[PDB]
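To convert, note that position 9 of the first sequence is 411 in the deposited numbering; the numbers rise steadily by one, no gaps.
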Amino acid sequence: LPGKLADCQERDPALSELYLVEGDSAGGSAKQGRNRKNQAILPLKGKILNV
DNA sequence: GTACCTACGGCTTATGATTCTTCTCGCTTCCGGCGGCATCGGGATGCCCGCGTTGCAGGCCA
């Protein structure tokens, strides 16, 4: 929960949005240019192992 | 693709210590009430006489 996740002010689901981008390259400007009402961004690190 | 360490210098803020404010234990002993009796100075009551109080009308003041 800490570290990377930055939720919005609203807590009721089906109203907010979630995004998945590169952390240090994209998430910075994404948070600096997003809204603080119904916006949430979850950064990522590199790739993800296959299933 | 990403994280964690200290030196170079200054103000502050996050917590254990010391002088100033205060809360009130101890009773006991010199001292302060407390009551009774002889004493003394004041005054209320009475009479006399002149002065303090008040009403009228005028000139001065806030």
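Where is the CB? At the ideal position from N, CA and C, for every residue including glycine.
Based on Cα-Cα distance, which residue from the options lies nearest to residue i?
i	options	result
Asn437	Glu424, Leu422, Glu412	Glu412
residue 466	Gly425, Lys439, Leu420	Absent from the structure is residue 466, since the part of the chain shown begins at 403 and ends at 453.
Taking just the CA atoms, how far does residue j sit from residue i?
i	j	result
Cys410	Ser418	7 Å
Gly435	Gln441	11 Å
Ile443	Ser427	13 Å
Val423	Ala432	9 Å
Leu446	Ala416	23 Å
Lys439	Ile450	30 Å
Near residue i, which residues of its chain fall below 7 Å by C-beta distance, leaving aside the five closest residues on each side in sequence?
i	result
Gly429	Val423, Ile443, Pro445
In chain order, what residues of the same chain have a beta carbon less than 8 Å from the beta carbon of residue i, not counting five sequence neighbours either side?
i	result
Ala408	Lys433, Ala442, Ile443
Under a three-way DSSP split, which group does residue i fall into?
i	result
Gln411	coil
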